[PDB]
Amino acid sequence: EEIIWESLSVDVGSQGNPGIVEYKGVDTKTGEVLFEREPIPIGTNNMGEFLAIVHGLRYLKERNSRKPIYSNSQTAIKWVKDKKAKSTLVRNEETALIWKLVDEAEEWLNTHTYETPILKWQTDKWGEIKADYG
């Protein structure tokens, strides 16, 4: 399996798990940052990876782009394909924002179609995903 350079890659920057969550999507070839979500005060890394893929799908759909999305999160990929984020994070006032975003991203998936292939980034073969926060 080979890298598709004409693609978008996403990843999450965490400060703890659970902890602060941010994410971004970048051009796999050029590294150009295409979208970014500012820090969400608490979430899980998995929830962040899920939001990052869905944000990518919405971004690419708006632009009518047929580029695939790479994610290094097998869990988030499954959640998007299932249209269901199977997170165990407690729902309270502290976690209200991350859950609002996850709920909305699920709602988007259940009310839209998309052509974007969602591919697993193979870190062990290809090194770090381009959206890595380092």
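Residue numbers run from 1 along the displayed sequence.
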Could you check the entry and say whether 47-55 or 80-88 has the higher mean CA B-factor? 80-88
Which has the higher mean CA temperature factor in the PDB entry, 8-16 or 107-115? 107-115
According to the PDB entry, is the CA B factor of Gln74 in the bottom, middle or top third of its chain, that is, lowest, middle or highest? highest
Divide the modelled residues of the chain into thirds by Cα B-factor and specify which third, lowest, middle or highest, holds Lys61. lowest
Would you mind ranking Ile42 by its C-alpha B-factor against the rest of the chain and naming the third, lowest, middle or highest? middle
Cα B factor band for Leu34 (lowest, middle or highest third within the chain): middle
Going by the CA temperature factor in the PDB record, which third of the chain does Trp126 belong to: lowest, middle or highest? highest
